[PDB]
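A.B. asks: Okay, so here is input.pdb, and as you'll see once you scroll down, it has PDB, C-alpha atoms (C1' of nucleotides).
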```pdb
MODEL        1
ATOM      1  CA  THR A 608    -100.612-104.183  28.825
ATOM      2  CA  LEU A 609    -103.947-105.938  29.235
ATOM      3  CA  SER A 610    -107.486-104.981  30.210
ATOM      4  CA  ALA A 611    -109.718-107.187  32.345
ATOM      5  CA  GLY A 612    -113.357-107.386  33.250
ATOM      6  CA  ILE A 613    -114.320-109.129  36.487
ATOM      7  CA  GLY A 614    -117.969-109.897  37.131
ATOM      8  CA  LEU A 615    -119.424-111.197  40.380
ATOM      9  CA  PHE A 616    -122.269-113.655  40.057
ATOM     10  CA  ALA A 617    -124.371-115.618  42.498
ATOM     11  CA  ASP A 618    -124.839-119.346  42.990
ATOM     12  CA  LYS A 619    -125.586-121.352  39.828
ATOM     13  CA  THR A 620    -126.449-118.519  37.452
ATOM     14  CA  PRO A 621    -125.842-119.995  33.992
ATOM     15  CA  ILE A 622    -122.514-119.612  32.233
ATOM     16  CA  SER A 623    -124.216-118.397  29.044
ATOM     17  CA  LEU A 624    -125.627-115.488  31.057
ATOM     18  CA  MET A 625    -122.324-115.231  32.916
ATOM     19  CA  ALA A 626    -119.904-115.091  29.986
ATOM     20  CA  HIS A 627    -121.970-112.346  28.313
ATOM     21  CA  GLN A 628    -122.429-109.922  31.206
ATOM     22  CA  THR A 629    -118.644-110.103  31.596
ATOM     23  CA  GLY A 630    -117.935-109.461  27.928
ATOM     24  CA  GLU A 631    -119.868-106.224  28.435
ATOM     25  CA  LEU A 632    -117.539-105.308  31.290
ATOM     26  CA  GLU A 633    -114.374-106.043  29.372
ATOM     27  CA  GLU A 634    -115.601-104.058  26.388
ATOM     28  CA  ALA A 635    -116.323-101.231  28.820
ATOM     29  CA  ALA A 636    -112.763-101.787  30.045
ATOM     30  CA  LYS A 637    -111.601-101.332  26.475
ATOM     31  CA  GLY A 638    -113.815 -98.232  26.462
ATOM     32  CA  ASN A 639    -111.173 -95.809  27.667
ATOM     33  CA  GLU A 640    -107.627 -94.765  26.716
ATOM     34  CA  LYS A 641    -105.539 -97.959  26.805
ATOM     35  CA  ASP A 642    -106.589-100.488  29.455
ATOM     36  CA  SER A 643    -108.681-100.904  32.563
ATOM     37  CA  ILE A 644    -109.681-103.517  35.069
ATOM     38  CA  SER A 645    -113.402-102.954  34.932
ATOM     39  CA  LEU A 646    -114.606-104.548  38.129
ATOM     40  CA  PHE A 647    -118.057-105.681  39.213
ATOM     41  CA  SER A 648    -120.326-103.304  37.251
ATOM     42  CA  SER A 649    -120.283-101.293  34.032
ATOM     43  CA  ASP A 650    -118.783 -98.412  35.970
ATOM     44  CA  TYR A 651    -115.913 -99.041  38.472
ATOM     45  CA  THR A 652    -113.653 -99.201  35.399
ATOM     46  CA  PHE A 653    -110.315 -98.323  36.940
ATOM     47  CA  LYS A 654    -107.059 -98.085  35.065
ATOM     48  CA  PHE A 655    -104.644-100.765  36.305
ATOM     49  CA  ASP A 656    -102.207 -98.083  37.461
ATOM     50  CA  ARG A 657    -104.850 -96.436  39.668
ATOM     51  CA  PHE A 658    -105.823 -99.904  40.891
ATOM     52  CA  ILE A 659    -103.310-102.394  42.412
ATOM     53  CA  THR A 660    -100.910 -99.712  43.656
ATOM     54  CA  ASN A 661    -103.834 -97.470  44.602
ATOM     55  CA  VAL A 662    -106.876 -99.614  45.573
ATOM     56  CA  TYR A 663    -105.828-103.214  46.172
ATOM     57  CA  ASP A 664    -102.705-102.360  48.208
ATOM     58  CA  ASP A 665    -103.157 -98.728  49.332
ATOM     59  CA  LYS A 666    -106.751 -97.951  50.225
ATOM     60  CA  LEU A 667    -108.064-101.410  51.102
ATOM     61  CA  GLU A 668    -104.994-102.021  53.267
ATOM     62  CA  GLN A 669    -105.686 -98.856  55.268
ATOM     63  CA  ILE A 670    -109.383 -99.760  55.523
ATOM     64  CA  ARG A 671    -108.371-103.208  56.700
ATOM     65  CA  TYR A 672    -105.896-101.754  59.177
ATOM     66  CA  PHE A 673    -108.573 -99.494  60.647
ATOM     67  CA  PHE A 674    -111.455-101.912  61.059
ATOM     68  CA  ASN A 675    -109.269-104.704  62.517
ATOM     69  CA  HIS A 676    -107.557-102.776  65.329
ATOM     70  CA  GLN A 677    -110.714-101.233  66.622
ATOM     71  CA  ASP A 678    -113.992-102.422  68.064
ATOM     72  CA  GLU A 679    -116.846 -99.921  68.123
ATOM     73  CA  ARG A 680    -117.414 -98.854  64.490
ATOM     74  CA  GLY A 681    -118.751-101.731  62.456
ATOM     75  CA  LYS A 682    -120.510-102.468  59.187
ATOM     76  CA  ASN A 683    -123.054 -99.712  59.818
ATOM     77  CA  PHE A 684    -120.312 -97.120  59.580
ATOM     78  CA  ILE A 685    -118.942 -98.671  56.380
ATOM     79  CA  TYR A 686    -122.444 -98.801  54.934
ATOM     80  CA  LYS A 687    -122.963 -95.088  55.527
ATOM     81  CA  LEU A 688    -119.526 -94.289  54.128
ATOM     82  CA  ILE A 689    -120.399 -96.185  50.942
ATOM     83  CA  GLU A 690    -123.740 -94.380  50.772
ATOM     84  CA  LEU A 691    -122.072 -90.973  51.103
ATOM     85  CA  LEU A 692    -119.499 -92.005  48.491
ATOM     86  CA  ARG A 693    -122.218 -93.123  46.134
ATOM     87  CA  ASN A 694    -124.389 -90.028  46.340
ATOM     88  CA  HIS A 695    -121.787 -87.233  46.664
ATOM     89  CA  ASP A 696    -122.969 -83.757  46.070
ATOM     90  CA  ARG A 697    -121.242 -80.888  47.887
ATOM     91  CA  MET A 698    -123.891 -81.099  50.607
ATOM     92  CA  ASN A 699    -122.809 -84.675  51.231
ATOM     93  CA  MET A 700    -119.310 -83.354  51.859
ATOM     94  CA  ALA A 701    -120.880 -81.211  54.576
ATOM     95  CA  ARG A 702    -122.858 -84.189  55.937
ATOM     96  CA  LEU A 703    -119.738 -86.356  55.867
ATOM     97  CA  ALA A 704    -117.770 -83.686  57.733
ATOM     98  CA  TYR A 705    -120.460 -83.530  60.401
ATOM     99  CA  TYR A 706    -120.759 -87.318  60.553
ATOM    100  CA  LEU A 707    -117.061 -88.101  60.939
ATOM    101  CA  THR A 708    -116.449 -85.254  63.391
ATOM    102  CA  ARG A 709    -119.513 -86.310  65.326
ATOM    103  CA  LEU A 710    -118.353 -89.907  65.627
ATOM    104  CA  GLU A 711    -114.822 -88.836  66.519
ATOM    105  CA  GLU A 712    -116.151 -87.543  69.836
ATOM    106  CA  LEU A 713    -118.013 -90.836  70.318
ATOM    107  CA  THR A 714    -114.998 -93.148  70.598
ATOM    108  CA  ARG A 715    -113.268 -94.220  73.789
ATOM    109  CA  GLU A 716    -110.541 -91.478  73.803
ATOM    110  CA  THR A 717    -107.984 -94.262  73.600
ATOM    111  CA  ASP A 718    -109.413 -95.064  70.162
ATOM    112  CA  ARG A 719    -109.878 -91.429  69.237
ATOM    113  CA  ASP A 720    -106.506 -90.874  67.582
ATOM    114  CA  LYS A 721    -106.544 -93.978  65.373
ATOM    115  CA  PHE A 722    -110.015 -92.917  64.298
ATOM    116  CA  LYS A 723    -108.741 -89.376  63.814
ATOM    117  CA  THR A 724    -106.061 -90.411  61.340
ATOM    118  CA  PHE A 725    -108.672 -92.532  59.554
ATOM    119  CA  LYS A 726    -111.119 -89.599  59.591
ATOM    120  CA  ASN A 727    -108.522 -87.329  58.049
ATOM    121  CA  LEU A 728    -107.696 -89.961  55.414
ATOM    122  CA  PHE A 729    -111.289 -90.549  54.392
ATOM    123  CA  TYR A 730    -112.194 -86.870  54.403
ATOM    124  CA  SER A 731    -109.047 -86.084  52.446
ATOM    125  CA  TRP A 732    -109.778 -88.618  49.743
ATOM    126  CA  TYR A 733    -113.491 -87.756  49.716
ATOM    127  CA  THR A 734    -112.771 -84.106  48.878
ATOM    128  CA  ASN A 735    -109.576 -84.549  46.925
ATOM    129  CA  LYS A 736    -110.513 -82.781  43.599
ATOM    130  CA  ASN A 737    -108.757 -85.537  41.592
ATOM    131  CA  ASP A 738    -112.235 -87.213  41.327
ATOM    132  CA  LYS A 739    -110.503 -90.631  41.328
ATOM    133  CA  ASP A 740    -110.035 -91.097  45.070
ATOM    134  CA  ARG A 741    -113.756 -91.166  45.760
ATOM    135  CA  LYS A 742    -114.332 -93.946  43.234
ATOM    136  CA  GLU A 743    -111.322 -95.847  44.537
ATOM    137  CA  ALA A 744    -112.547 -95.488  48.125
ATOM    138  CA  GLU A 745    -115.987 -96.704  47.118
ATOM    139  CA  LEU A 746    -114.642 -99.840  45.476
ATOM    140  CA  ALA A 747    -112.192-100.376  48.336
ATOM    141  CA  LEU A 748    -115.031-100.296  50.861
ATOM    142  CA  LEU A 749    -117.002-102.622  48.569
ATOM    143  CA  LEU A 750    -114.123-105.053  48.825
ATOM    144  CA  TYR A 751    -113.853-104.726  52.580
ATOM    145  CA  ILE A 752    -117.550-105.402  53.032
ATOM    146  CA  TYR A 753    -117.301-108.370  50.696
ATOM    147  CA  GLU A 754    -114.519-109.769  52.908
ATOM    148  CA  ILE A 755    -116.191-109.448  56.299
ATOM    149  CA  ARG A 756    -119.620-110.840  55.424
ATOM    150  CA  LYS A 757    -120.843-113.765  57.507
TER     151      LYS A 757
ATOM    152  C1'   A B   1    -144.578 -34.344 103.792
ATOM    153  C1'   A B   2    -148.725 -35.254 100.776
ATOM    154  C1'   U B   3    -151.625 -37.420  96.881
ATOM    155  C1'   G B   4    -151.026 -40.248  92.351
ATOM    156  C1'   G B   5    -148.520 -44.527  90.860
ATOM    157  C1'   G B   6    -145.001 -48.789  90.000
ATOM    158  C1'   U B   7    -140.564 -48.780  87.135
ATOM    159  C1'   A B   8    -136.202 -51.517  85.031
ATOM    160  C1'   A B   9    -133.505 -56.543  83.765
ATOM    161  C1'   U B  10    -133.448 -61.597  82.114
ATOM    162  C1'   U B  11    -137.960 -64.562  78.439
ATOM    163  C1'   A B  12    -134.424 -70.090  78.753
ATOM    164  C1'   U B  13    -128.966 -71.194  79.221
ATOM    165  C1'   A B  14    -125.080 -75.377  78.224
ATOM    166  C1'   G B  15    -125.112 -80.397  75.814
ATOM    167  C1'   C B  16    -126.309 -84.833  73.109
ATOM    168  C1'   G B  17    -128.353 -84.507  67.321
ATOM    169  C1'   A B  18    -128.770 -90.781  66.701
ATOM    170  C1'   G B  19    -125.714 -95.561  67.887
ATOM    171  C1'   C B  20    -125.313-100.828  66.934
ATOM    172  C1'   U B  21    -126.845-105.577  64.075
ATOM    173  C1'   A B  22    -128.778-107.286  59.298
ATOM    174  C1'   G B  23    -127.346-105.002  53.801
ATOM    175  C1'   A B  24    -130.665-109.828  50.637
ATOM    176  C1'   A B  25    -131.229-115.315  51.186
ATOM    177  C1'   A B  26    -133.313-119.768  49.253
ATOM    178  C1'   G B  27    -135.360-121.759  44.659
ATOM    179  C1'   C B  28    -137.022-122.632  39.531
TER     180        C B  28
ENDMDL
END
```
What is this file in structure tokens?
C.D. replies:
Amino acid sequence: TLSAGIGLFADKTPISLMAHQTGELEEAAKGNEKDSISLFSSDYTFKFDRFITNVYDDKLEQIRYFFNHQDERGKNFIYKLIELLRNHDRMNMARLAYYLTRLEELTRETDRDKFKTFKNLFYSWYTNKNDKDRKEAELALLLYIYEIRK
RNA sequence: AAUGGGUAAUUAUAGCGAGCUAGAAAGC
């Protein structure tokens, strides 16, 4: 099996600078056990097994199903979820518990239960002890913000 | 009945605890 490195680059940055900052990512992708699809940065180096089945079709599809059948929580909510996923001490688990429970009582009570299943999903895979689900959620929310940008 | 006096209780209670939008754009 193979090991990829995907780098995101802006408009018209030169291909000499572009083919080298991506060789770094695919040698960081070769910098674990067998293979990895090292995405955007030098971290985010997920194994392909705990990618496509687990990020690109599991977590991002549930993130996409939440924020497209729902109206009141927007990019500000996703921004704070990414911030809490990026910092992540134990105190941020407490702050995330307070935040999600506090916004659950701030929906329309016809949108409370869809939010409640999403709250339980995000709080379950924020505190999951595997350590992988937080990183996968962070990259999945990266992808969802990169889709919905105007 | 006189005369001397006041004595006790509560000292805030129940909530909201931020929300949304932007999350970098042009150039060299």
A.B. asks: CA of residue 742 in chain A to CA of residue 653 in chain A: how many Å, to one decimal?
C.D. replies: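 Rounded to one decimal, the two atoms are 8.7 Å apart.
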A.B. asks: Quick one: contact table of range 626-682 of chain A to range 713-735 of chain A, 9 Å max, nearest atom pair and distance in Å to one decimal per residue, counting only C-alpha atoms, chain and number order, as a tab-separated table?
C.D. replies:
```
residue	atom	partner	partner_atom	distance
A:669	CA	A:725	CA	8.2
A:670	CA	A:725	CA	8.3
A:673	CA	A:725	CA	7.0
A:676	CA	A:721	CA	8.9
A:677	CA	A:718	CA	7.2
A:678	CA	A:718	CA	8.9
A:679	CA	A:714	CA	7.4
A:680	CA	A:714	CA	8.7
```
A.B. asks: Please write as a PyMOL selection string the full residue list that the PyMOL selection byres ((chain A) within 10 of (chain B)) yields on this file.
C.D. replies: chain A and resi 679-684+686+709-710+713+752+756
A.B. asks: Might I get the box with edges along x, y and z of the file that holds all atoms of range 15-19 of chain B listed there, padded by 4 Å on every side, given as centre and edge lengths in Å to one decimal, as JSON?
C.D. replies:
```
{"center_x": -126.9, "center_y": -88.0, "center_z": 71.3, "size_x": 11.7, "size_y": 23.2, "size_z": 17.1}
```
A.B. asks: Between A:703, A:671, A:641, A:646, which residue has the minimum interatomic distance to residue 689 in chain A, considering all atoms listed in the file?
C.D. replies: A:703
A.B. asks: Taking the point (-122.5, -109.0, 40.1) as given in the file, collect each protein or nucleic acid residue that comes within 9 Å of it, counting all atoms listed in the file, and present the set as a short mmCIF file (atom, residue, chain, number, x, y, z; two decimals) with C-alpha atoms, in the frame of the given file.
C.D. replies:
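For reference, out-v9.cif as written:
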```cif
data_model
loop_
_atom_site.label_atom_id
_atom_site.label_comp_id
_atom_site.auth_asym_id
_atom_site.auth_seq_id
_atom_site.Cartn_x
_atom_site.Cartn_y
_atom_site.Cartn_z
CA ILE A 613 -114.32 -109.13 36.49
CA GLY A 614 -117.97 -109.90 37.13
CA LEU A 615 -119.42 -111.20 40.38
CA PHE A 616 -122.27 -113.66 40.06
CA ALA A 617 -124.37 -115.62 42.50
CA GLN A 628 -122.43 -109.92 31.21
CA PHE A 647 -118.06 -105.68 39.21
CA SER A 648 -120.33 -103.30 37.25
#
```
A.B. asks: To one decimal place in Å, what is the distance between CA of residue 649 in chain A and CA of residue 637 in chain A?
C.D. replies: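 According to the coordinates, CA of residue 649 in chain A and CA of residue 637 in chain A are separated by 11.5 Å.
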A.B. asks: Kindly give the distance, in Å, that separates CA of residue 675 in chain A and CA of residue 712 in chain A, rounded to a single decimal.
C.D. replies: 19.9 Å
A.B. asks: Please determine, counting all atoms listed in the file, which residue among A:736, A:744, A:711, A:652 has the shortest atom-to-atom distance to residue 631 in chain A.
C.D. replies: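 Result for the nearest residue to residue 631 in chain A: A:652.
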